[PDB]
């Protein structure tokens, strides 16, 4: 996989070039914003169970057909698999946040997931709804002003939202 830094390096190597001053400054700013990134990962991870459970409860309340006998989340084995997928997606999204790059999310989760659900008969559109709910909860938690040194994390939240939307689009 690649993180934000390795990404710039890979691009430079393909060109056979040392980094420019404009690039060095960009990477230096990523480092300066590191604390905020670590807070976001810590906060989301620390609330992973409730983010998943609340999103699942919301999804099944809005789409009861999923849990009705014959629905894709009916039976404990199926429900367990669905809850597992939600935690897996959230897990990989947090990896992307730490890395500052979506490569790990795309490679080890997203790619091939749409075809996986189609083969199973799992409604990808509903999975997307679940992912959007976890977005909103994750961002509210990560960007909660209480108990943290005041500052602007708007750019980071936009980045985080992007990873969630990327996951939602890969299954929808």
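Residue numbers count along the first chain shown, from 1. Note that the rigid core is defined as the largest set of C-alphas that superpose within 1.5 Å between two forms.
Superposing on the core and measuring CA offsets in 6 other deposited structures of this protein, the stretch of 43-51 and 22-30 with the greater mean deviation is 22-30. Averaged over Cα atoms, the B-factor as recorded in the entry is higher for 27-35 than for the other of 27-35 and 41-49. On average the C-alpha atoms of 104-112 have higher B-factors than those of the other stretch, with 66-74 and 104-112 being the two compared.
Within the listed group 59, 142, 120, 134, the record reports its top CA B-factor for 120. For residue 10, the recorded CA B-factor ranks within the lowest third of the chain. Only modelled residues enter the ranking. Sort the chain's modelled residues by C-alpha temperature factor and residue 126 lands in the middle third, per the entry.
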